[PDB]
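Taken in order, these protein sequences are the chains called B6 and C6.
Number 46 in the entry's author numbering belongs to position 37 of the first sequence; there are no gaps in the numbering.
Number 99 in the entry's author numbering belongs to position 49 of the second sequence; there are no gaps in the numbering.
Shown next, in structure tokens, is the structure this report addresses.
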Amino acid sequence: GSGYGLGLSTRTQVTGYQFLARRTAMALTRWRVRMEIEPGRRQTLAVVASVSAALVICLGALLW
Amino acid sequence: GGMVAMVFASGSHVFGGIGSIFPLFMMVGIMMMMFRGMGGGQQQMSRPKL
């Protein structure tokens, strides 16, 4: 078949899949694909900011 | 690398062991900006608009 296995891939195919993944994820929790605003992104970014702030503080302690 | 080498020749030996985490993370952070980063004027396409 096609699409199966470990064949080569490109950078446009990597972002393309992440778009389909975000769009299908909200269809399970909100049951609509309109996606006026994309809150899944923001809720994830807030966690990444939380982790980064924790790392900045402990590096500050090691510097001390 | 020259700064670290200069300090090692001088004999401080402060960067030995775990102390090396400062030069190491900086060297990695510089690597991210030069190779990836973002496109110039001839590369208007980006994730937020595509």
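All residues carry an ideal CB built from backbone N, CA and C; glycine is no exception.
| query | result |
| --- | --- |
| Contacts that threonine 24 (chain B6) makes with chain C6 (C-beta to C-beta distance below 8 Å) | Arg97, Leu100 |
| Bounding residues of the alpha helix (DSSP H) (the contiguous stretch that carries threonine 24 (chain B6)) | 20–38 |
| From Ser18 (chain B6), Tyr26 (chain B6), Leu17 (chain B6), residue whose alpha carbon lies closest to that of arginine 97 (chain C6) | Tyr26 (chain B6) |
| N-terminal and C-terminal residue of the alpha helix (DSSP H) that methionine 76 (chain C6) is part of | 71–85 |
| Endpoints, the alpha helix (DSSP H) within which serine 61 (chain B6) is located | 48–72 |
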